[PDB]
file model-v6.csv (CSV, C-alpha atoms)
chain,number,residue,atom,x,y,z
A,1,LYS,CA,0.0,0.0,0.0
A,2,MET,CA,1.8,3.2,-1.2
A,3,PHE,CA,0.1,6.6,-1.0
A,4,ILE,CA,0.2,8.9,-4.1
A,5,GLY,CA,-0.4,12.7,-3.4
A,6,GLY,CA,-0.4,15.0,-6.4
A,7,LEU,CA,-3.2,13.6,-8.6
A,8,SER,CA,-5.1,16.1,-10.8
A,9,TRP,CA,-8.8,17.0,-10.6
A,10,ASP,CA,-9.4,14.7,-13.6
A,11,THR,CA,-7.2,11.7,-12.3
A,12,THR,CA,-8.8,8.3,-12.3
A,13,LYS,CA,-7.8,4.9,-10.7
A,14,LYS,CA,-7.2,3.9,-14.3
A,15,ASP,CA,-4.6,6.4,-15.5
A,16,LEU,CA,-2.9,6.3,-12.1
A,17,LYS,CA,-3.1,2.5,-11.8
A,18,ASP,CA,-1.5,2.1,-15.2
A,19,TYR,CA,1.1,4.9,-14.9
A,20,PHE,CA,2.1,2.8,-11.9
A,21,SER,CA,1.6,-0.5,-13.8
A,22,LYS,CA,5.1,0.3,-15.0
A,23,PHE,CA,6.6,-0.3,-11.6
A,24,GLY,CA,5.0,-3.7,-10.9
A,25,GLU,CA,1.7,-5.6,-10.7
A,26,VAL,CA,-0.8,-3.5,-8.7
A,27,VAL,CA,-3.7,-5.4,-7.0
A,28,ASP,CA,-5.4,-2.1,-6.0
A,29,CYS,CA,-5.5,1.6,-6.8
A,30,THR,CA,-7.7,4.7,-6.0
A,31,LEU,CA,-8.1,8.4,-6.7
A,32,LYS,CA,-8.8,10.9,-3.9
A,33,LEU,CA,-10.4,13.6,-6.0
A,34,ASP,CA,-14.1,13.7,-4.9
A,35,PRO,CA,-14.8,16.3,-7.5
A,36,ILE,CA,-18.6,15.8,-7.0
A,37,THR,CA,-18.9,17.2,-3.4
A,38,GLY,CA,-16.0,19.6,-4.1
A,39,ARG,CA,-13.5,17.4,-2.3
A,40,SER,CA,-11.1,16.7,-5.3
A,41,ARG,CA,-7.9,16.6,-3.2
A,42,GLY,CA,-5.9,15.6,-6.3
A,43,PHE,CA,-4.5,12.6,-4.3
A,44,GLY,CA,-5.3,8.9,-4.4
A,45,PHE,CA,-3.7,5.6,-3.3
A,46,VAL,CA,-1.8,2.8,-5.0
A,47,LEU,CA,-1.5,-0.8,-3.8
A,48,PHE,CA,1.3,-2.7,-5.6
A,49,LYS,CA,1.2,-6.5,-5.4
A,50,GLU,CA,4.8,-7.0,-4.1
A,51,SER,CA,7.2,-4.9,-2.0
A,52,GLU,CA,9.8,-4.9,-4.8
A,53,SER,CA,7.3,-3.2,-7.0
A,54,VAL,CA,6.7,-0.6,-4.3
A,55,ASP,CA,10.4,0.0,-3.5
A,56,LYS,CA,10.9,0.6,-7.2
A,57,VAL,CA,8.3,3.3,-7.6
A,58,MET,CA,9.7,4.8,-4.4
A,59,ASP,CA,13.3,4.8,-5.5
A,60,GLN,CA,12.3,7.6,-7.9
A,61,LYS,CA,9.4,9.7,-6.7
A,62,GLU,CA,10.0,12.1,-9.6
A,63,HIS,CA,6.6,11.1,-10.9
A,64,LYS,CA,4.5,13.3,-13.2
A,65,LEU,CA,1.1,11.8,-14.2
A,66,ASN,CA,-1.8,13.8,-15.6
A,67,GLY,CA,0.7,16.5,-16.0
A,68,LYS,CA,1.6,16.8,-12.3
A,69,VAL,CA,4.0,15.2,-9.8
A,70,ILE,CA,2.8,12.9,-6.9
A,71,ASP,CA,3.9,12.4,-3.3
A,72,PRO,CA,4.8,8.7,-3.3
A,73,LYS,CA,4.7,7.2,0.2
A,74,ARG,CA,3.7,4.1,2.1
A,75,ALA,CA,0.0,4.4,1.2

call {"tool": "encode", "arguments": {"input": "model-v6.csv", "output": "structure tokens"}}
result
Amino acid sequence: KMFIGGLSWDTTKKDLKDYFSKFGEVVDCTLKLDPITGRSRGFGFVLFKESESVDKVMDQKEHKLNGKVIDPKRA
């Protein structure tokens, strides 16, 4: 479970899940942008399938999906 802060207002568990599908096999993914109630905090979560996959995406938190960076952490 790694946290991803920096998602855009139009981010989706799909674009993020895949952008991260390059690090390893993710079993879960989410987007914290409740843009319906006005709670789009451009920030969701990512749940890799194996630690190695997470440690990799963490080795380089210079991420930039949706045209923005993200705060990669231990979701």

call {"tool": "closest_atom_pairs", "arguments": {"input": "model-v6.csv", "of": "stretch 24-56 of chain A", "to": "stretch 5-20 of chain A", "cutoff": "6 Å", "atoms": "only C-alpha atoms", "output": "CSV"}}
result
residue,atom,partner,partner_atom,distance
A:29,CA,A:13,CA,5.6
A:30,CA,A:13,CA,4.7
A:31,CA,A:13,CA,5.3
A:33,CA,A:9,CA,5.9
A:40,CA,A:9,CA,5.8
A:42,CA,A:7,CA,4.1
A:43,CA,A:5,CA,4.2

call {"tool": "residues_near_point", "arguments": {"input": "model-v6.csv", "point": "(8.1, 9.0, -8.8)", "cutoff": "10 Å", "atoms": "all atoms listed in the file", "output": "short mmCIF file (atom, residue, chain, number, x, y, z; two decimals) with C-alpha atoms, in the coordinates of the input"}}
result
data_model
loop_
_atom_site.label_atom_id
_atom_site.label_comp_id
_atom_site.auth_asym_id
_atom_site.auth_seq_id
_atom_site.Cartn_x
_atom_site.Cartn_y
_atom_site.Cartn_z
CA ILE A 4 0.20 8.90 -4.10
CA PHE A 20 2.10 2.80 -11.90
CA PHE A 23 6.60 -0.30 -11.60
CA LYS A 56 10.90 0.60 -7.20
CA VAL A 57 8.30 3.30 -7.60
CA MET A 58 9.70 4.80 -4.40
CA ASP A 59 13.30 4.80 -5.50
CA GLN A 60 12.30 7.60 -7.90
CA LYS A 61 9.40 9.70 -6.70
CA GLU A 62 10.00 12.10 -9.60
CA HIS A 63 6.60 11.10 -10.90
CA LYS A 64 4.50 13.30 -13.20
CA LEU A 65 1.10 11.80 -14.20
CA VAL A 69 4.00 15.20 -9.80
CA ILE A 70 2.80 12.90 -6.90
CA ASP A 71 3.90 12.40 -3.30
CA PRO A 72 4.80 8.70 -3.30
CA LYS A 73 4.70 7.20 0.20
#

call {"tool": "atom_distance", "arguments": {"input": "model-v6.csv", "atom1": "atom CA of residue A:35", "atom2": "atom CA of residue A:2"}}
result
22.1 Å

call {"tool": "atom_distance", "arguments": {"input": "model-v6.csv", "atom1": "atom CA of residue A:24", "atom2": "atom CA of residue A:53"}}
result
4.6 Å

call {"tool": "atom_distance", "arguments": {"input": "model-v6.csv", "atom1": "atom CA of residue A:39", "atom2": "atom CA of residue A:66"}}
result
18.1 Å

call {"tool": "closest_residue", "arguments": {"input": "model-v6.csv", "among": "A:55, A:46, A:68, A:75", "to": "residue A:21", "atoms": "only C-alpha atoms"}}
result
A:46

call {"tool": "closest_residue", "arguments": {"input": "model-v6.csv", "among": "A:52, A:44, A:3, A:25", "to": "residue A:74", "atoms": "only C-alpha atoms"}}
result
A:3
